[PDB]
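**Student:** Structure: final36.tsv, TSV, C-alpha atoms and all ligand atoms.
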```tsv
chain	number	residue	atom	x	y	z
A	1	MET	CA	133.14	80.97	112.44
A	2	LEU	CA	129.56	80.90	111.13
A	3	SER	CA	129.16	80.20	107.42
A	4	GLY	CA	125.59	81.39	106.83
A	5	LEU	CA	121.98	80.40	107.32
A	6	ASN	CA	121.58	76.64	107.65
A	7	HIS	CA	117.80	76.36	107.47
A	8	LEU	CA	114.63	78.36	108.07
A	9	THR	CA	111.90	76.69	110.13
A	10	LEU	CA	108.36	78.07	109.96
A	11	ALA	CA	105.75	77.02	112.50
A	12	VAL	CA	102.50	76.22	110.69
A	13	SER	CA	99.02	75.45	111.99
A	14	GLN	CA	97.86	73.39	108.98
A	15	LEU	CA	100.46	71.31	107.14
A	16	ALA	CA	98.48	70.49	103.98
A	17	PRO	CA	97.58	74.11	103.02
A	18	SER	CA	101.08	75.42	103.81
A	19	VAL	CA	102.86	72.76	101.73
A	20	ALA	CA	100.71	73.81	98.78
A	21	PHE	CA	101.56	77.49	99.35
A	22	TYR	CA	105.33	77.02	99.16
A	23	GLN	CA	105.37	74.24	96.55
A	24	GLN	CA	102.53	75.27	94.21
A	25	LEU	CA	102.39	79.07	94.45
A	26	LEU	CA	106.06	79.84	95.14
A	27	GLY	CA	107.42	76.93	93.10
A	28	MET	CA	109.77	75.67	95.80
A	29	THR	CA	111.05	72.10	95.52
A	30	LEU	CA	109.39	69.67	97.93
A	31	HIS	CA	111.93	67.06	99.04
A	32	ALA	CA	110.22	65.27	101.93
A	33	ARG	CA	107.06	65.40	104.01
A	34	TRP	CA	105.99	63.72	107.25
A	35	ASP	CA	103.11	63.95	109.73
A	36	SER	CA	104.71	66.91	111.54
A	37	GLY	CA	106.27	68.97	108.76
A	38	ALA	CA	108.00	69.13	105.41
A	39	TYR	CA	111.40	69.84	103.86
A	40	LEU	CA	111.53	72.23	100.91
A	41	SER	CA	114.36	73.99	99.09
A	42	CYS	CA	114.45	77.31	97.22
A	43	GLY	CA	117.82	77.53	95.51
A	44	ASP	CA	120.36	77.48	98.34
A	45	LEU	CA	117.67	77.91	101.02
A	46	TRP	CA	116.64	75.02	103.27
A	47	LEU	CA	113.05	75.69	104.34
A	48	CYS	CA	111.41	73.50	106.98
A	49	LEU	CA	107.72	73.66	107.82
A	50	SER	CA	106.99	72.30	111.31
A	51	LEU	CA	103.44	71.50	112.40
A	52	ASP	CA	102.99	73.43	115.66
A	53	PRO	CA	99.69	73.46	117.58
A	54	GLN	CA	100.98	76.64	119.26
A	55	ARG	CA	100.79	78.38	115.86
A	56	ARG	CA	97.96	80.91	115.48
A	57	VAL	CA	97.09	82.60	112.19
A	58	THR	CA	98.40	86.08	112.96
A	59	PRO	CA	97.06	89.18	111.20
A	60	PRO	CA	99.85	91.57	110.18
A	61	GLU	CA	98.76	94.24	112.69
A	62	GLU	CA	99.16	91.83	115.63
A	63	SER	CA	102.73	90.82	114.70
A	64	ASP	CA	106.02	92.69	114.58
A	65	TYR	CA	108.16	93.60	111.55
A	66	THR	CA	110.00	90.24	111.44
A	67	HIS	CA	109.79	88.99	107.85
A	68	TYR	CA	111.59	86.70	105.41
A	69	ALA	CA	112.48	87.80	101.87
A	70	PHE	CA	113.17	85.64	98.82
A	71	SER	CA	115.39	86.63	95.90
A	72	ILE	CA	113.82	87.04	92.46
A	73	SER	CA	115.08	88.46	89.18
A	74	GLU	CA	113.99	91.86	87.87
A	75	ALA	CA	112.40	90.30	84.78
A	76	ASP	CA	110.35	87.78	86.77
A	77	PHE	CA	109.28	90.20	89.53
A	78	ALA	CA	106.21	91.83	87.96
A	79	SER	CA	104.59	88.59	86.79
A	80	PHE	CA	105.24	86.82	90.11
A	81	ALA	CA	103.74	89.64	92.19
A	82	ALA	CA	100.69	89.48	89.92
A	83	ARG	CA	100.55	85.69	90.37
A	84	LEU	CA	100.28	86.01	94.15
A	85	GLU	CA	97.67	88.78	94.01
A	86	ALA	CA	95.70	86.85	91.38
A	87	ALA	CA	95.87	83.82	93.70
A	88	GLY	CA	94.49	85.98	96.53
A	89	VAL	CA	97.69	86.39	98.55
A	90	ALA	CA	97.32	89.31	100.96
A	91	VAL	CA	99.72	92.27	101.04
A	92	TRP	CA	100.96	93.65	104.37
A	93	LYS	CA	103.25	96.51	103.28
A	94	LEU	CA	103.69	98.82	100.29
A	95	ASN	CA	107.06	99.26	98.60
A	96	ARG	CA	108.64	102.67	99.14
A	97	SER	CA	112.41	102.03	99.22
A	98	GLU	CA	114.88	101.28	96.44
A	99	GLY	CA	114.52	98.02	94.56
A	100	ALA	CA	111.47	95.93	93.83
A	101	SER	CA	109.62	94.71	96.92
A	102	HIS	CA	106.30	92.88	97.30
A	103	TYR	CA	105.21	92.23	100.90
A	104	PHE	CA	102.78	89.33	101.30
A	105	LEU	CA	101.51	86.89	103.93
A	106	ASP	CA	101.60	83.08	104.02
A	107	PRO	CA	98.56	81.00	105.16
A	108	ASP	CA	99.57	81.34	108.83
A	109	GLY	CA	100.45	85.05	108.69
A	110	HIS	CA	104.22	84.74	108.28
A	111	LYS	CA	105.37	88.00	106.70
A	112	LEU	CA	107.17	87.21	103.44
A	113	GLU	CA	108.74	89.41	100.79
A	114	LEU	CA	109.90	89.28	97.19
A	115	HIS	CA	112.94	91.53	96.76
A	116	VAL	CA	115.06	92.30	93.70
A	117	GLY	CA	118.58	93.26	94.73
A	118	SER	CA	121.54	92.18	96.83
A	119	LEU	CA	123.10	93.60	99.98
A	120	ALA	CA	125.92	95.12	97.91
A	121	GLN	CA	123.37	96.96	95.75
A	122	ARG	CA	121.39	98.16	98.78
A	123	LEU	CA	124.54	99.60	100.38
A	124	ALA	CA	125.47	101.39	97.15
A	125	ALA	CA	121.99	102.91	96.94
A	126	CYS	CA	122.24	104.04	100.57
A	127	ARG	CA	125.56	105.75	99.81
A	128	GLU	CA	123.80	108.20	97.49
A	129	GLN	CA	120.80	108.73	99.82
A	130	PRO	CA	121.66	107.51	103.33
A	131	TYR	CA	119.23	106.96	106.17
A	132	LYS	CA	119.05	109.22	109.20
A	133	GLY	CA	122.23	108.82	111.23
A	134	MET	CA	123.47	106.04	108.96
A	135	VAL	CA	127.14	105.04	109.09
A	136	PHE	CA	129.02	102.66	106.81
A	137	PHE	CA	131.70	100.15	107.86
A	138	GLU	CA	134.13	99.62	104.97
A	139	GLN	CA	137.25	97.46	105.24
A	140	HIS	CA	138.68	98.07	101.74
B	1	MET	CA	111.60	81.48	89.66
B	2	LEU	CA	112.75	82.21	93.20
B	3	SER	CA	116.51	81.88	93.69
B	4	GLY	CA	116.76	81.56	97.47
B	5	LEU	CA	116.62	83.59	100.64
B	6	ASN	CA	117.34	87.24	99.90
B	7	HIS	CA	117.52	88.63	103.44
B	8	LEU	CA	116.27	87.92	106.96
B	9	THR	CA	114.86	90.86	108.94
B	10	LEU	CA	114.57	90.60	112.73
B	11	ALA	CA	112.50	93.14	114.64
B	12	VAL	CA	114.43	94.34	117.69
B	13	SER	CA	113.35	96.50	120.61
B	14	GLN	CA	116.82	97.88	121.43
B	15	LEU	CA	119.15	98.36	118.47
B	16	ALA	CA	122.46	98.70	120.32
B	17	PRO	CA	122.15	95.43	122.33
B	18	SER	CA	120.99	93.48	119.27
B	19	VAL	CA	123.79	94.78	117.03
B	20	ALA	CA	126.33	93.71	119.66
B	21	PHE	CA	124.82	90.23	119.99
B	22	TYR	CA	125.09	89.38	116.30
B	23	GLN	CA	128.39	91.18	115.63
B	24	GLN	CA	130.29	90.58	118.89
B	25	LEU	CA	128.99	87.22	120.12
B	26	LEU	CA	128.14	85.61	116.77
B	27	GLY	CA	131.00	87.27	114.88
B	28	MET	CA	128.87	88.49	111.98
B	29	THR	CA	130.14	91.32	109.78
B	30	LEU	CA	128.44	94.66	110.43
B	31	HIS	CA	128.20	96.60	107.16
B	32	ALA	CA	125.96	99.54	108.04
B	33	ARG	CA	123.95	100.97	110.93
B	34	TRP	CA	121.42	103.79	111.15
B	35	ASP	CA	118.92	105.10	113.71
B	36	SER	CA	116.37	102.45	112.70
B	37	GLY	CA	118.45	99.33	112.09
B	38	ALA	CA	121.64	97.69	110.90
B	39	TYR	CA	122.89	95.55	108.01
B	40	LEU	CA	124.93	92.43	108.77
B	41	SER	CA	126.10	89.50	106.66
B	42	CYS	CA	126.79	85.86	107.56
B	43	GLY	CA	128.36	84.15	104.57
B	44	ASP	CA	125.66	84.21	101.90
B	45	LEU	CA	123.12	85.49	104.45
B	46	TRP	CA	121.94	89.11	104.47
B	47	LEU	CA	120.83	89.88	108.03
B	48	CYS	CA	118.93	93.09	108.81
B	49	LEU	CA	118.06	94.23	112.31
B	50	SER	CA	115.12	96.65	112.28
B	51	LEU	CA	114.18	98.69	115.36
B	52	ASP	CA	110.47	98.04	115.93
B	53	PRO	CA	108.61	99.48	118.95
B	54	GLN	CA	106.09	96.67	118.37
B	55	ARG	CA	108.78	94.20	119.49
B	56	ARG	CA	108.24	92.69	122.94
B	57	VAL	CA	110.87	90.58	124.71
B	58	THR	CA	109.25	87.17	124.33
B	59	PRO	CA	110.05	84.27	126.65
B	60	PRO	CA	110.37	80.98	124.77
B	61	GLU	CA	107.14	79.53	126.20
B	62	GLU	CA	105.02	82.39	124.77
B	63	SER	CA	106.30	82.03	121.18
B	64	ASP	CA	105.93	79.25	118.63
B	65	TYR	CA	108.56	76.93	117.13
B	66	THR	CA	109.60	79.38	114.38
B	67	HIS	CA	113.39	79.58	114.49
B	68	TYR	CA	116.40	80.46	112.33
B	69	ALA	CA	119.46	78.21	112.18
B	70	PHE	CA	123.03	79.15	111.28
B	71	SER	CA	125.56	76.80	109.69
B	72	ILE	CA	128.75	75.95	111.57
B	73	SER	CA	131.53	73.46	110.92
B	74	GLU	CA	131.93	70.29	112.98
B	75	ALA	CA	135.22	71.53	114.44
B	76	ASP	CA	133.85	74.92	115.53
B	77	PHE	CA	130.54	73.69	117.01
B	78	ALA	CA	131.65	72.67	120.51
B	79	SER	CA	133.74	75.77	121.22
B	80	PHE	CA	131.05	78.09	119.84
B	81	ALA	CA	128.31	76.49	121.94
B	82	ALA	CA	130.61	76.89	124.95
B	83	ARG	CA	131.22	80.55	124.05
B	84	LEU	CA	127.48	81.29	124.07
B	85	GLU	CA	126.89	79.52	127.39
B	86	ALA	CA	129.88	81.32	128.92
B	87	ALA	CA	128.31	84.62	127.84
B	88	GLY	CA	125.02	83.60	129.48
B	89	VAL	CA	122.97	82.99	126.31
B	90	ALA	CA	119.80	81.10	127.19
B	91	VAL	CA	118.90	77.70	125.72
B	92	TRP	CA	115.32	76.95	124.63
B	93	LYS	CA	115.59	73.35	123.36
B	94	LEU	CA	117.81	70.29	123.81
B	95	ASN	CA	119.38	68.56	120.83
B	96	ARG	CA	117.88	65.16	120.02
B	97	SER	CA	118.17	64.80	116.22
B	98	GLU	CA	121.14	63.91	114.03
B	99	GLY	CA	123.99	66.38	113.83
B	100	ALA	CA	125.13	68.95	116.35
B	101	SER	CA	122.45	71.49	117.28
B	102	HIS	CA	122.51	74.27	119.90
B	103	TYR	CA	119.27	76.21	120.42
B	104	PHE	CA	119.77	79.67	121.92
B	105	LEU	CA	117.93	82.98	122.21
B	106	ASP	CA	118.89	86.45	121.02
B	107	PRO	CA	118.32	89.56	123.22
B	108	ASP	CA	114.70	89.88	122.03
B	109	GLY	CA	113.77	86.20	122.37
B	110	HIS	CA	114.14	85.21	118.71
B	111	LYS	CA	114.73	81.46	118.67
B	112	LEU	CA	118.08	80.79	116.98
B	113	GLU	CA	120.01	77.60	116.27
B	114	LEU	CA	123.51	76.40	115.47
B	115	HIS	CA	123.32	73.32	113.24
B	116	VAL	CA	126.02	71.12	111.72
B	117	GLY	CA	124.72	69.46	108.55
B	118	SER	CA	123.01	70.15	105.24
B	119	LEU	CA	119.59	69.25	103.86
B	120	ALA	CA	121.13	66.48	101.74
B	121	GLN	CA	122.69	64.90	104.84
B	122	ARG	CA	119.45	65.23	106.81
B	123	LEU	CA	117.51	63.58	103.97
B	124	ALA	CA	120.04	60.73	103.77
B	125	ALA	CA	119.71	60.15	107.52
B	126	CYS	CA	115.92	60.04	107.26
B	127	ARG	CA	116.13	57.29	104.64
B	128	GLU	CA	117.65	54.91	107.19
B	129	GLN	CA	115.38	55.99	110.07
B	130	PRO	CA	112.38	57.90	108.69
B	131	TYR	CA	109.92	59.97	110.66
B	132	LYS	CA	106.34	58.83	111.21
B	133	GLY	CA	104.49	58.72	107.90
B	134	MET	CA	107.43	60.33	106.11
B	135	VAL	CA	107.58	60.15	102.31
B	136	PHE	CA	110.38	61.21	99.97
B	137	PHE	CA	109.98	62.94	96.61
B	138	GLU	CA	113.07	61.77	94.73
B	139	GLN	CA	113.44	62.23	90.98
B	140	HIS	CA	116.47	59.91	90.61
B	141	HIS	CA	118.91	61.60	88.23
C	201	LIG	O1	109.01	60.85	120.02
C	201	LIG	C1	109.22	61.41	119.00
C	201	LIG	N1	109.23	62.72	118.82
C	201	LIG	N2	109.51	62.99	117.47
C	201	LIG	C2	109.63	64.16	116.80
C	201	LIG	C3	109.92	64.17	115.44
C	201	LIG	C4	110.05	65.38	114.78
C	201	LIG	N3	109.07	66.23	114.53
C	201	LIG	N4	109.58	67.31	113.87
C	201	LIG	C5	110.88	67.14	113.70
C	201	LIG	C6	111.73	68.05	113.08
C	201	LIG	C7	112.42	67.75	111.90
C	201	LIG	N5	113.23	68.66	111.36
C	201	LIG	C8	113.38	69.87	111.94
C	201	LIG	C9	114.17	71.00	111.56
C	201	LIG	BR1	115.33	71.12	110.01
C	201	LIG	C10	113.96	71.98	112.51
C	201	LIG	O2	114.45	73.06	112.52
C	201	LIG	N6	113.11	71.51	113.40
C	201	LIG	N7	112.75	70.20	113.04
C	201	LIG	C11	111.92	69.31	113.64
C	201	LIG	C12	111.23	65.92	114.28
C	201	LIG	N8	112.54	65.28	114.36
C	201	LIG	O3	113.50	65.44	113.36
C	201	LIG	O4	112.81	64.61	115.29
C	201	LIG	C13	110.10	62.94	114.80
C	201	LIG	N9	109.97	61.82	115.51
C	201	LIG	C14	109.68	61.86	116.84
C	201	LIG	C15	109.50	60.80	117.78
C	201	LIG	BR2	109.61	58.89	117.45
C	202	LIG	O1	109.80	108.93	106.48
C	202	LIG	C1	110.64	108.10	106.48
C	202	LIG	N1	110.47	106.83	106.82
C	202	LIG	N2	111.70	106.17	106.68
C	202	LIG	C2	112.05	104.87	106.91
C	202	LIG	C3	113.36	104.45	106.69
C	202	LIG	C4	113.69	103.13	106.93
C	202	LIG	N3	113.76	102.59	108.13
C	202	LIG	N4	114.11	101.27	108.00
C	202	LIG	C5	114.25	100.99	106.72
C	202	LIG	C6	114.59	99.74	106.23
C	202	LIG	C7	115.78	99.51	105.52
C	202	LIG	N5	116.04	98.28	105.08
C	202	LIG	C8	115.19	97.25	105.31
C	202	LIG	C9	115.25	95.87	104.95
C	202	LIG	BR1	116.66	94.97	103.96
C	202	LIG	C10	114.11	95.27	105.44
C	202	LIG	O2	113.82	94.12	105.32
C	202	LIG	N6	113.40	96.20	106.05
C	202	LIG	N7	114.07	97.43	105.97
C	202	LIG	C11	113.74	98.66	106.44
C	202	LIG	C12	113.99	102.15	105.99
C	202	LIG	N8	114.03	102.31	104.55
C	202	LIG	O3	114.65	103.42	103.97
C	202	LIG	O4	113.55	101.50	103.85
C	202	LIG	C13	114.29	105.40	106.26
C	202	LIG	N9	113.89	106.64	106.05
C	202	LIG	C14	112.60	107.01	106.27
C	202	LIG	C15	111.97	108.28	106.12
C	202	LIG	BR2	112.78	109.94	105.53
C	203	MN	MN	112.81	93.04	103.79
C	204	MN	MN	116.08	73.88	113.22
```
As a first step, turn the structure in this file into structure tokens.
**Tutor:**
Amino acid sequence: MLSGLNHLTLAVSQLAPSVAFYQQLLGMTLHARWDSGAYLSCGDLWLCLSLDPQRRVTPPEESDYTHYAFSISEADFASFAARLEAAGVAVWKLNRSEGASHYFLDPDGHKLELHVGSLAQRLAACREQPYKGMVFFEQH
Amino acid sequence: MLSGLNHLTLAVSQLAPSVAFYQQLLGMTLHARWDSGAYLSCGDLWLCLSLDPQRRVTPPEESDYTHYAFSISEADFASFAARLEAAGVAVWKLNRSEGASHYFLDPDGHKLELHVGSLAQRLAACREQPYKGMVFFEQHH
């Protein structure tokens, strides 16, 4: 029985700039840092940056849809999305679905997202306007 | 203030095989499924598989170290790692650090991991045997 996500490891090409991105801009808590990576936490999330020479800065058009989204409150959303744009963070997708979403890139091109809402709320929204061929699995 | 990981979206090239891998093999709860993806949950984790034609089946040597690790209890580790090997799931890295770790691949080549241990336990272990040039940022409360 799996109990959830243990940690998220991001391959980075430059450790010093990336540590600033997640600690300074995103306000994550930096717990440890060594010559090959760093340990940060964002609430219940264990984020690990690993220095990888195989890591190339990938433009969004040369990478697939794989992305990682962080939870943020409705009140704090607008100001935080402005913070990243004011800091020059690039956007790789426009929000069109339900709930607040801001799609941005990290220094190495990792596709990140700020999303307001939970899985329970997304399912409820999809019950009123479902996707093409969508089916729901309810256990009651 | 960010409150944690909201959801993890994995681009998949074939929706049906990927949905089976995470629901059947990994035992995750499938909540919804449509022509372009599926919603699954793993404890506090919101997992979303999204069908992306841009997704290419990537062998482990052509992708970087980026990986996603799932929590598992000490008791369940051994049997679960045996379950995956019995089903033919490929391994992309051998465990060398503290705690039980099994590195395996999903149908599309996404590097996954089963890990036993928390960040607090990993930090405590690194205080006795630290990594090269490692420094700790403790506030002492
Ligand atoms: O010969 C040596 N090789 N070596 C590698 C490391 C190292 N580099 N990155 C990680 C690392 C840490 N934490 C994590 C996590 Br959490 C993760 O997902 N990956 N990851 C890698 C490690 N490690 O824990 O062993 C340290 N010392 C040595 C020596 Br001495
Ligand atoms: O013209 C159309 N385009 N279109 C796209 C979708 C769609 N496909 N995947 C996702 C989707 C869902 N949830 C998620 C999550 Br959670 C995530 O991270 N990505 N993601 C994508 C969506 N969406 O509604 O956002 C549906 N209907 C339409 C129409 Br009608
Ligand atoms: Mn998303
Ligand atoms: Mn790992």
**Student:** Sort by chain and increasing residue number a table of all residues of chain B within 7 Å of chain A, each with its closest pair of atoms and their distance in Å to one decimal, counting all atoms listed in the file, and write it as a Markdown table.
**Tutor:**
```
| residue | atom | partner | partner_atom | distance |
| --- | --- | --- | --- | --- |
| B:1 | CA | A:72 | CA | 6.6 |
| B:2 | CA | A:72 | CA | 5.0 |
| B:3 | CA | A:43 | CA | 4.9 |
| B:4 | CA | A:43 | CA | 4.6 |
| B:5 | CA | A:70 | CA | 4.4 |
| B:6 | CA | A:71 | CA | 4.5 |
| B:7 | CA | A:69 | CA | 5.3 |
| B:8 | CA | A:68 | CA | 5.1 |
| B:9 | CA | A:66 | CA | 5.5 |
| B:10 | CA | A:66 | CA | 4.8 |
| B:11 | CA | A:66 | CA | 5.0 |
| B:30 | CA | A:137 | CA | 6.9 |
| B:31 | CA | A:137 | CA | 5.0 |
| B:32 | CA | A:136 | CA | 4.5 |
| B:33 | CA | A:134 | CA | 5.5 |
| B:34 | CA | A:134 | CA | 3.7 |
| B:35 | CA | A:133 | CA | 5.6 |
| B:42 | CA | A:4 | CA | 4.7 |
| B:43 | CA | A:4 | CA | 4.5 |
| B:44 | CA | A:4 | CA | 5.7 |
| B:45 | CA | A:4 | CA | 5.3 |
| B:46 | CA | A:119 | CA | 6.5 |
| B:52 | CA | A:65 | CA | 6.7 |
| B:54 | CA | A:64 | CA | 5.5 |
| B:55 | CA | A:64 | CA | 5.8 |
| B:64 | CA | A:54 | CA | 5.6 |
| B:65 | CA | A:11 | CA | 5.4 |
| B:66 | CA | A:10 | CA | 4.8 |
| B:67 | CA | A:9 | CA | 5.4 |
| B:68 | CA | A:8 | CA | 5.1 |
| B:69 | CA | A:6 | CA | 5.2 |
| B:70 | CA | A:5 | CA | 4.3 |
| B:71 | CA | A:6 | CA | 4.5 |
| B:72 | CA | A:2 | CA | 5.0 |
| B:76 | CA | A:1 | CA | 6.8 |
| B:115 | CA | A:6 | CA | 6.7 |
| B:119 | CA | A:46 | CA | 6.5 |
| B:131 | CA | A:34 | CA | 6.4 |
| B:132 | CA | A:35 | CA | 6.2 |
| B:133 | CA | A:34 | CA | 5.3 |
| B:134 | CA | A:34 | CA | 3.9 |
| B:135 | CA | A:33 | CA | 5.5 |
| B:136 | CA | A:32 | CA | 4.5 |
| B:137 | CA | A:31 | CA | 5.2 |
| B:138 | CA | A:31 | CA | 6.9 |
```
**Student:** Tell me which of B:57, B:62, B:74, B:80 sits closest to residue 27 in chain B, counting all atoms listed in the file.
**Tutor:**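 Smallest separation from residue 27 in chain B among the options: B:80.
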**Student:** Give the answer as one residue: which of A:81, A:91, A:105, A:100 has the shortest atom-to-atom distance to residue 21 in chain A, using all atoms listed in the file?
**Tutor:**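 Result for the nearest residue to residue 21 in chain A: A:105.
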**Student:** Mind pulling up the distance from CA of residue 125 in chain B to CA of residue 26 in chain B?
**Tutor:**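 Spanning CA of residue 26 in chain B to CA of residue 125 in chain B is a straight-line distance of 28.4 Å.
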**Student:** Put a box with edges along x, y and z around all the listed atoms of ligand LIG 201 (chain C), pad it by 3 Å on each side, then give me its centre and sizes in Å, one decimal, as lines of an AutoDock Vina configuration file.
**Tutor:**
```
center_x = 112.2
center_y = 66.0
center_z = 115.0
size_x = 12.3
size_y = 20.2
size_z = 16.0
```
**Student:** For ligand MN 203 (chain C), which of A:25, A:19, A:93, A:57 is the closest residue, counting only C-alpha atoms and all ligand atoms?
**Tutor:**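 Distance minimum relative to ligand MN 203 (chain C) lands on A:93.
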**Student:** At what distance in Å, to one decimal, does atom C11 of ligand LIG 202 (chain C) lie from CA of residue 85 in chain A?
**Tutor:**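 If I compute the distance from CA of residue 85 in chain A to atom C11 of ligand LIG 202 (chain C), I get 22.6 Å.
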**Student:** Given only C-alpha atoms and all ligand atoms as the basis, pick out the residue of B:60, B:130, B:117, B:17 nearest to ligand MN 204 (chain C).
**Tutor:**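 Once distances to ligand MN 204 (chain C) are computed over only C-alpha atoms and all ligand atoms, the minimum belongs to B:117.
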**Student:** Which residues are near residue 23 in chain B? Cut-off 10 Å, only C-alpha atoms, ignore same chain within fewer than 5 positions. Put them as a VMD selection string.
**Tutor:** chain B and resid 18 28 to 30 40 to 42
**Student:** Measuring between all atoms listed in the file, which one of B:121, B:79, B:50, B:95 shows the shortest distance to ligand LIG 202 (chain C)?
**Tutor:**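 Selected residue with least distance to ligand LIG 202 (chain C): B:50.
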